[PDB]
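Here is the structure we will look at, set down as structure tokens.
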Amino acid sequence: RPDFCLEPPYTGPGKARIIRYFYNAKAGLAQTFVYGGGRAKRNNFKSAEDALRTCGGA
């Protein structure tokens with residue numbers, strides 16, 4: 001599994017409220033989070049389906 005997939009989400013310092021997806025380590029689900037619009041980390045997807053294709057598999 002890529003090495004960023006089990007990290008908590010990262011809002012960053014931006015002031016936007018963009019609804020992105022992260023792969024939730026505990027649950028194994030794609031979940032929404034509020035992204036601030038800059039300085040993303042890699043557990044940050046535009047859709048649930050992208051989060052699962054990248055992070056869902058062991």
Side-chain angles (χ1 to χ4, degrees):
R1 191 190 308 268
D3 72 2
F4 54 87
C5 293
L6 305 181
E7 299 309 306
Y10 188 77
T11 301
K15 293 180 172 38
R17 293 183 65 87
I18 302 160
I19 309 307
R20 292 285 181 80
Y21 290 80
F22 74 106
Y23 182 75
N24 178 305
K26 160 189 171 139
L29 298 175
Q31 180 184 152
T32 60
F33 77 104
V34 178
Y35 175 55
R39 308 208 214 321
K41 306 300 185 187
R42 290 217 289 172
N43 194 10
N44 180 332
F45 301 93
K46 291 187 174 178
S47 64
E49 64 186 9
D50 282 355
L52 296 184
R53 270 200 71 108
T54 299
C55 286

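Throughout, residue positions are numbered sequentially from 1 according to the sequence presented.
Put simply, OH on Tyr10 and CG on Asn44 are 11.5 Å apart, with the number rounded to the nearest 0.5 Å. The distance from atom CG of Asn24 to atom CG of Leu6, rounded to the nearest 0.5 Å, is 9.5 Å. Rounding to the nearest 0.5 Å gives a distance of 4.5 Å between CZ of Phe45 and OG1 of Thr54.
The environment of CZ in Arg39 is sparse: at most 12 heavy-atom neighbours from other residues, nucleotides or ligands sit within 6.0 Å. Crowding of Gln31 atom CD: a count of heavy atoms from other residues, nucleotides or ligands under 6.0 Å exceeding 12.
A donor-acceptor distance shorter than 3.5 angstrom exists from the side chain of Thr11 to the backbone of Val34, with no hydrogens or angles considered. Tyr35 contributes a side-chain N or O that, together with a main-chain N or O of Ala40, makes up a donor-acceptor pair within less than 3.5 Å. Not one N or O on the side chain of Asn43 forms a donor-acceptor pair closer than 3.5 Å with the backbone of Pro9.
Scanning all heavy atoms of the two residues, the minimum distance from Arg1 to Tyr23 falls at NH1-OH, 3.0 Å. For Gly38 against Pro13, the heavy-atom pair with the smallest separation is O-CD, 3.9 Å.
Tracing side-chain contacts under 4.5 Å through hydrophobic residues (I, L, V, M, F, W, Y), one reaches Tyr21 starting from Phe4; they form part of the same cluster.
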*So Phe22 and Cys55, side-chain contact (heavy atoms from CB on, under 4.5 Å) or not? Walk me through it.*
CA-CA 9 Å; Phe22 74 106; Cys55 286; over 6 Å; no
